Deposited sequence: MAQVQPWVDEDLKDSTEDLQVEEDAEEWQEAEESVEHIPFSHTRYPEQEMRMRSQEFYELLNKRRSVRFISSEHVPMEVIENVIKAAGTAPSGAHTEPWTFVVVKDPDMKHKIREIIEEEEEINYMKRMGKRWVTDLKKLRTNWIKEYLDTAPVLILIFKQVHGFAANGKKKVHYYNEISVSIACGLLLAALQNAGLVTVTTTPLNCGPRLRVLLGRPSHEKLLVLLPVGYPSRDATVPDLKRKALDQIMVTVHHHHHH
């Protein structure tokens, strides 16, 4: 039932180095809304989802389904439903792969954490996406994709290489001292 935990320890200098380099890698991640049609390796899509499935989960429920859509007709119906919901996105057609992350019904926090692992793994693998959370489209997309009544759409990620002429808005991230507070005394 309980087993000894096996752990790799690095010297302090190597911990500093590794953590600096991983930060630098992740800092290069941007939401990209111009995604090339070019095919991406399906072993890579598999490996990023396996990475996501490593996440912690409340009561070890692993309450996530990663729904992968490549079919051009289906990706178009997804786009149509999302656009219709206004009621007052070309990358949904152009991206070779869509990943839709459904929570099985602290499941929402567990599944969002898994999506953070997925985002890191895409960056590490040299792919891009834009995080979207079309929660109001959830019921219609669930039905379109034949997902059971116990799943609820959380996140939709179009995945591919960036367009050769992709742009991003010129946003700056907060400095460490704007996000980190140390309690003293």
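Comparing the deposited sequence with the modelled residues, the stretches lacking C-alpha coordinates are 1-35, 124-145, 163-175, 256-259.
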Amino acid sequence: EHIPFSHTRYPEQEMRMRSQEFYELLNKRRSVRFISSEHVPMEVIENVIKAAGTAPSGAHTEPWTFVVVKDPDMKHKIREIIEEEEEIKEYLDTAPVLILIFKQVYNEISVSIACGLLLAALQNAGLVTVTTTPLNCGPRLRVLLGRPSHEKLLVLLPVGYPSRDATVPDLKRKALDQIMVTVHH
From here on, numbers count along this sequence of modelled residues.
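Once the C-alpha B-factors are averaged per stretch, 109-117 and 77-85 rank with 77-85 first. When all modelled residues of the chain are sorted by CA temperature factor, residue 63 is found within the lowest third.
When all modelled residues of the chain are sorted by CA temperature factor, residue 179 is found within the lowest third. Placement of the Cα temperature factor of residue 38 within the chain: lowest third of the modelled residues, per the deposited record. Sort the modelled residues of the chain by CA B factor and residue 138 lands in the highest third. Compared with the other modelled residues of the chain, the Cα B-factor recorded for residue 145 ranks in the middle third.
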